[PDB]
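The structure tokens that follow cover one protein chain in two forms, given apart as structure 1 and structure 2.
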Structure 1
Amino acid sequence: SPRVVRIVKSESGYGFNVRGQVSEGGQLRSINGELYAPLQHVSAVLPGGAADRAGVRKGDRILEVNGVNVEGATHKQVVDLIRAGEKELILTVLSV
């Protein structure tokens, strides 16, 4: 089920990598049996980093960034949203 995590940036960043499609939209793919448009996901978590401590997990799919729905979003849209805040990031994620 979707959950919200708050992550405070360190000087070296949030401590995770995001990976996913360049383009907008695309074929539906269910995540834990629920239909969604394509989602960007967390492809790495820095051990001991901010994301790790906040409970972000490898493979987490990203549904919202800073209160903005990113279902079907381009990679650039999600990166730009993650970078929107000076030091805080709020994600809605789905663990797989």
Structure 2
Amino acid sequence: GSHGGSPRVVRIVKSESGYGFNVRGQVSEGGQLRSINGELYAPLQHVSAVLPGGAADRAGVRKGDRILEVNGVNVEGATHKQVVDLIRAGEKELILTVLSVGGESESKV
């Protein structure tokens, strides 16, 4: 429904096996400012899957989390490759601000 979308910080230290999640979203840059929970954001990449037992799972990353800030950089409207490149920059700890899922409904037909 219309609820959700609230910000929270997650910090994850990578294992030799990475941060233990997949990021999914737009290939191209830009897009229009849509309301998530009262404020306009340009398009966000999101967490499409979390490796069970992996570092992100243990740190509290959830399926669907929308990625707002990565390591101190706002990524609204970023391309998929830009966001992935920030995560993979080379430092061991990743500090995210994420928006929890929200603003969508689902119905059986």
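Numbering for residues begins at 1 and runs along the sequence of structure 1. Each form is matched to the other, and the largest set of C-alpha atoms that superpose within 1.5 Å is called the rigid core. Only residues modelled in both forms are compared.
No residue in 45, 50, 31, 62 other than 31 shows a CA shift of 2 angstroms or more between structure 1 and structure 2 after fitting the rigid core. Its Cα shifted by 3.6 Å between structure 1 and structure 2, residue 85 is reported here after superposition on the rigid core. Taking the core as the fixed frame between structure 1 and structure 2, we note the C-alpha of residue 76 moving 1.0 angstrom. Core-superposed comparison between structure 1 and structure 2: residues with C-alpha shifts of 2 Å or more form a single run of three or more, at 27-35.
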